[PDB]
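A.B. asks: Build me a model:
(chains A, B, C, D, E and F, ligands or ions: 6)
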Amino acid sequence: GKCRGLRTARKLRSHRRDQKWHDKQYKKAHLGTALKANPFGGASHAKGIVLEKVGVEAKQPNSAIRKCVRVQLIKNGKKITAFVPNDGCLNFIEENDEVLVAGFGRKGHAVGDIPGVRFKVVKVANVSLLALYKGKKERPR
Amino acid sequence: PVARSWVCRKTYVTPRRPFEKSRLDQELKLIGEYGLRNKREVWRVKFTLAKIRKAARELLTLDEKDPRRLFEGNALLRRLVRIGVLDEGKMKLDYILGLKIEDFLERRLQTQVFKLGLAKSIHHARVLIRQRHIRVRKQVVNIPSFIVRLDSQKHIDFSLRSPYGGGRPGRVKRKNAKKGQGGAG
Amino acid sequence: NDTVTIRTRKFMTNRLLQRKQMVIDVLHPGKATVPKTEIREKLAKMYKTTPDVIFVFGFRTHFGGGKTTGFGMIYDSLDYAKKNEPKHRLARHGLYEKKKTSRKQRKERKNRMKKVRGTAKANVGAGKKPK
Amino acid sequence: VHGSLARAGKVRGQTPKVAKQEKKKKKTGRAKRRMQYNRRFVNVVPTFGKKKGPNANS
Amino acid sequence: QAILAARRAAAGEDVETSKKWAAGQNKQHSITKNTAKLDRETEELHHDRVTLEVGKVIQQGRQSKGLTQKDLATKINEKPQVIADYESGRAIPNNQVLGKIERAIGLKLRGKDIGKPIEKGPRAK
RNA sequence: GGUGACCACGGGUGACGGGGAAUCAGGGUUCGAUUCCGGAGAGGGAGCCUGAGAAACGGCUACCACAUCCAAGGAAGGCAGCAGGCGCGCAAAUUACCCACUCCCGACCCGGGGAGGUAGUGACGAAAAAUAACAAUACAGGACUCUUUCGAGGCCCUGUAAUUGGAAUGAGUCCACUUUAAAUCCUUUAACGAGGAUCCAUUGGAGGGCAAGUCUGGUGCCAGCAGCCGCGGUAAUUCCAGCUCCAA
Ligand SMILES: [Mg+2]
Ligand SMILES: [Mg+2]
Ligand SMILES: [Mg+2]
Ligand SMILES: [Mg+2]
Ligand SMILES: [Mg+2]
Ligand SMILES: [Mg+2]
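C.D. replies: Residues are numbered from 1 along each chain as shown, chains lettered A, B, ... in the order given. Ligands and ions are numbered 1, 2, ... in the order given. Sharing the structure here:
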């Protein structure tokens, strides 16, 4: 069973803080190593410079290619790939532009049929990405 | 380094479960028959009701004869009758618990003028409040959520600068007068 | 003037400041905020005082117009008024002259004489050429 | 790469361009909260429709 | 209406809000028949169908407006075949769908009058 | 000798501590750099004078790092103050006015105070709160309904919603006043100022959870959507569009 003596709080707190490490949610938050491995490093958005327009195929229940772009982050300039959501946003962006990459939406996990991509591209060179698709504001040509 | 206050709070709460069939129309019943602008006001009144319910629950679970229970017991009660949501002859706190939301809105100045008949068509009642034709005992107020105390229930009348109490007909009355005086002689 | 009236409340006298402290209110139903000037003699004529030692300010009108409250200050003589009274109101109706350089050039000038040491001729000369 | 990303935005290209035609501006504020309340709450039409819509086309 | 003024009159007390069949959903083609009487009824086994004259009114309509059957369906937001059914003559006519074609076509096939020079007045009176 | 499984010692802290903030059955879990209190620092260390009080840095001395002028002989530095630049980054304002208020300092009614206050920028955020109302016109369409057509109302849809159709108003121009150290703003108040009152409300959705389309046209496992189940290869309730509805 579990100890219940009134002069026991040392056993309970030590045990509860011991087993507290055994769930994914708390361990990831407190270990710190996940924070180092996170390409954003605790940030919600990150500016980057595009390197390569790529297409990545779907999962088996689907059949398509997903138009992503590889990007170097400005700080700690590692490279990630970020799917860019819309029909024609690819023709809107070209090589080597400033893009405001943000997370996909489920805390650094792949979304749906896209394999291994955890980021979505918004805010290409400072004009917003959504503004282009609606045509609200145009390219700084 | 700063002489300000920063003392503020949210007067309303968001419902926990959005997109419920029962809650949506019941709320819509309230705004439609009370001429409210949005469901925020319906949430604003329910949040105030929840607070006075919460305090009254606290008072009740506190034991009888405790000085604070009595003192706040009259304090809450004596102010509720002052609002008029409670009847003067009921001095029992648990009748706050049975008290419902739709009568707090009955204390709004928007609905009081309609029941008093000074402003028919309660939607028309609220606008003329914003139009600043309705004047409290000694003052002109444009607040559709104004809650009238019992002491000032009877003193709701049209303002003197409005073109329903004193004179000065409004600007459309003026324009049609001069275009009339110019087209005729 | 046909329909404008003055009432005074919270009136207490003090020879500490050789005046009487009191707050006015004005009913001007269909009028704008009444200028301070025609107030000044209006409380003078019903206080049988000189309508030139009269100090009034702080006039904000309640919502919907009409009632407007504010603070008045009636003295005994201009001399006692001048001795104990903020200068900014005396600037409103001009009795105390007020025209100086902005605080910027004061600071620029002040740091200038702080540079020049001792010599009164150049301490005062720091504004002749460096003006 | 496959070069198969040239098909980006095809269905937007092939979508025929039809335009938003002139309609009456809808009421806003409390007024918007007026008309739908009257439309859906006090109304007794004597027909069937299996609890169809306030735009009822059964 | 009549009690609507009376409902405002009953400001002090009373008054009921009963909702209705409506309040929120969309279905986008008005089944005109009761289907309550239809379930109840036993004798009648015949539908009136659509009469060919109104099919002609459609013909003069789109011909005057320069619409082939495909185009005017996109206006009405129904399949192009229901137009041909309405023109050909089977079509099992439906009140609002005729009304939709009544609005798109200048003429009025809806109602007792077979054809109107204008539907409900030029620029609606 | 002293401490230590009642966790000493060591290490990490993306740790300044507390008053408190968020969430709210109770319990608890997170956040507290940030205006109040306490501590620490003035590029990093170190050392001093004066002084009641400093190991002071809008004081000095030396070393290190940066870095200014120079007649190359030397001299001068400390914005983690107010502003304002660069850099950094997803991320944060004007090199404005004033000592009038709050108080501080001094020999002192009298001077000074980027403390502070005022303004500007400011969808951090919170409170209130416009985008229309009234009445009549009425008239039609609809399985309308009640007599079986004629008439009316116990009804829905839109449409003249139109000379309606003239009453009421702000949003903005804008008289003065007011306010204020002087201004600004708000509040007063004239003159204007509304019938698509075109003076125009958007943001996301319409298979499920989850309110709302077995509408249409394009596309054809393509483009794409989709938090997650899943949708998409010709007849897509999910993409791209038009119409209509839902939500705030
Ligand atoms: Mg902190
Ligand atoms: Mg401090
Ligand atoms: Mg120090
Ligand atoms: Mg030091
Ligand atoms: Mg508007
Ligand atoms: Mg839809």
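
A.B. asks: Tell me where the longest helix sits in the chain.
C.D. replies: Assuming you mean chain A. helix A:9-19 (DSSP state H).

A.B. asks: wait, chain B
C.D. replies: Criterion DSSP H: the longest helix present in chain B is helix B:39-61.

A.B. asks: Any residue of that helix touching chain E?
C.D. replies: No - Helix B:39-61 is not in contact with chain E by CB under 8 Å from any CB of the partner chain; minimum separation 15.1 Å. Yep, even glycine has a C-beta here, placed from its N, CA and C like the rest.

A.B. asks: again, but for stretch B:98-116
C.D. replies: Yes - judged by CB under 8 Å from any CB, stretch B:98-116 and chain E are in contact via B:114-115.

A.B. asks: got the end-to-end distance for that stretch?
C.D. replies: End-to-end distance for stretch B:98-116: 26 Å, by CA to CA, to the nearest Å.

A.B. asks: Which residues outside that stretch are in contact with it?
C.D. replies: Stretch B:98-116 has contacts (CB atoms under 8 Å, 6 or more residues apart in numbering or on different chains) with B:30, B:34-36, B:42, B:45-46, B:48-49, B:83-86, B:119-122, B:125-126, B:128-129, B:134, B:141, B:143-148, B:153, B:156, E:11-12.

A.B. asks: how about the residues of chain D that lie near chain E?
C.D. replies: Residues of chain D lying near chain E (CB under 8 Å from any CB): D:39-45, D:47-49, D:51-58.

A.B. asks: ok, and which of these reach chain B?
C.D. replies: Contacts with chain B within those, counted by CB under 8 Å from any CB: D:40-41.

A.B. asks: quick one, what contacts the residue of chain C found nearest chain D?
C.D. replies: Nearest residue of chain C to chain D, counting by CB to the nearest CB: residue C:63, 22.8 Å away. Counting by CB under 8 Å, 6+ apart, residue C:63 touches B:139-141.

A.B. asks: Is the residue nearest the centre of chain B bridged to anything, and to what?
C.D. replies: Using CA atoms, centre = their mean, the residue of chain B that lies closest to the mean C-alpha position is residue B:108, 2.3 Å off. Here residue B:108 sits in beta bridges with residue B:147, going by DSSP bridges.

A.B. asks: In helices only, show me the residues of chain D next to chain E.
C.D. replies: Secondary structure from DSSP H places D:39-40 of the residues of chain D next to chain E in helices.

A.B. asks: related to what we said a few turns ago, check which helix or strand the residue of chain C closest to chain D maps to.
C.D. replies: For residue C:63, there is no enclosing helix or strand under DSSP states H and E.

A.B. asks: Can stretch A:59-77 be said to contact RNA strand F?
C.D. replies: Yes - interface with RNA strand F: stretch A:59-77 contributes A:61-67, A:73-75 (CB under 7 Å from any atom of the strand).

A.B. asks: Just the buried ones from these, in ChimeraX syntax?
C.D. replies: In ChimeraX, a selection of the buried entries from those looks like this (16 or more other CB atoms under 10 Å in any protein chain shown):
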select /A:65,66,67,73
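
A.B. asks: circling back: contacts for the longest helix of chain B, please.
C.D. replies: Contacts of helix B:39-61 (CB under 8 Å, 6+ apart): B:11-15, B:27, B:30-31, B:36, B:69, B:72-73, B:76, B:80, B:93-94, B:96-97, B:99, B:101, B:104-105, B:145.

A.B. asks: Repeat the analysis, applying 7 Å as the threshold.
C.D. replies: Contacts of helix B:39-61 with the rest of the structure, by CB atoms under 7 Å, 6 or more residues apart in numbering or on different chains, involve B:11-13, B:27, B:30-31, B:36, B:69, B:72-73, B:76, B:93-94, B:96-97, B:101, B:104-105, B:145.

A.B. asks: From those residues, list the buried ones, please.
C.D. replies: The buried subset of those (16+ other CB under 10 Å) comprises B:27, B:30-31, B:36, B:69, B:72-73, B:76, B:93, B:96, B:104-105, B:145.

A.B. asks: if we take the residues you listed, which one ends up nearest to chain D?
C.D. replies: Using CB to the nearest CB, the buried ones among the contacts of helix B:39-61 come closest to chain D at residue B:31, 5.6 Å.

A.B. asks: In contact with the closest one, which residues?
C.D. replies: Contact analysis of residue B:31 by CB under 7 Å, 6+ apart lists B:39, B:42, D:33, D:37.

A.B. asks: If we use 8 Å, what do you get?
C.D. replies: Residue B:31 makes contacts with B:37-39, B:41-42, D:33, D:37, as judged by CB under 8 Å, 6+ apart.

A.B. asks: And those, which two are furthest apart?
C.D. replies: For those, the maximum inter-member distance is 14.4 Å, found between B:41 and D:37 (CB to CB).

A.B. asks: And the buried ones among the contacts of helix B:39-61, which is closest to chain C?
C.D. replies: residue B:145 (15.7 Å).

A.B. asks: What is the neighbour count of residue A:1?
C.D. replies: Using other CB atoms under 10 Å in any protein chain shown, the number of residues around residue A:1 comes to 3.

A.B. asks: could you check the distance from it over to residue A:14?
C.D. replies: Noted for residue A:1: a distance of 17 Å to residue A:14, by CB to CB, to the nearest Å.

A.B. asks: How many residues are close by residue B:170?
C.D. replies: Residues contacting residue B:170 under the criterion other CB under 10 Å number 12.

A.B. asks: I figured it hits residue B:164, correct?
C.D. replies: No - counting by CB atoms under 8 Å, residue B:170 sits too far from residue B:164 to count as a contact (9.6 Å).

A.B. asks: From residue E:77, how far off is residue E:107?
C.D. replies: The spacing between residue E:107 and residue E:77, counted by CB to CB, is 20 Å.

A.B. asks: again, but for residue D:53
C.D. replies: Residue D:53 sits 15 Å away from residue E:77, taking CB to CB as the criterion.

A.B. asks: between these two, who's got more neighbours?
C.D. replies: residue D:53 (17 against 10).

A.B. asks: Identify the residues contacting the more buried one.
C.D. replies: Applying CB under 8 Å, 6+ apart, we find residue D:53 in contact with E:22, E:24-27.

A.B. asks: What subset of the residues you listed is buried?
C.D. replies: Neighbour-count burial (16+ other CB under 10 Å) applied to the contacts of residue D:53 gives residue E:22.

A.B. asks: Follow the chain on from the longest strand along chain A and name the next helix or strand.
C.D. replies: Across chain A, the longest stretch assigned as strand under DSSP state E is strand A:45-57. Next along the chain after strand A:45-57, taking DSSP H and E as the criterion, comes strand A:65-73.

A.B. asks: which residues are in contact with that following strand?
C.D. replies: If you take CB under 8 Å, 6+ apart as the criterion, strand A:65-73 is touched by A:39, A:46-58, A:78-84, A:89-90, A:93, A:99, A:101, A:113-114, A:117, A:121, D:2, D:4-5, D:8.

A.B. asks: Find the centremost residue of chain C, please.
C.D. replies: In chain C, the C-alpha nearest the mean C-alpha coordinate belongs to residue C:89, at 1.1 Å (CA atoms, centre = their mean).

A.B. asks: For my notes, confirm that one occurs in a helix.
C.D. replies: Yes - assessed by DSSP: H, G, I helix; E, B strand; the rest coil, residue C:89 belongs to a helix.

A.B. asks: any idea how far it is from chain E?
C.D. replies: From residue C:89 over to chain E the distance is 56 Å, taken as CB to the nearest CB, to the nearest Å.

A.B. asks: can you check residue A:135 too?
C.D. replies: To chain E, residue A:135 is 24 Å away according to CB to the nearest CB.

A.B. asks: Pull the number of nearby residues for that residue.
C.D. replies: 7.
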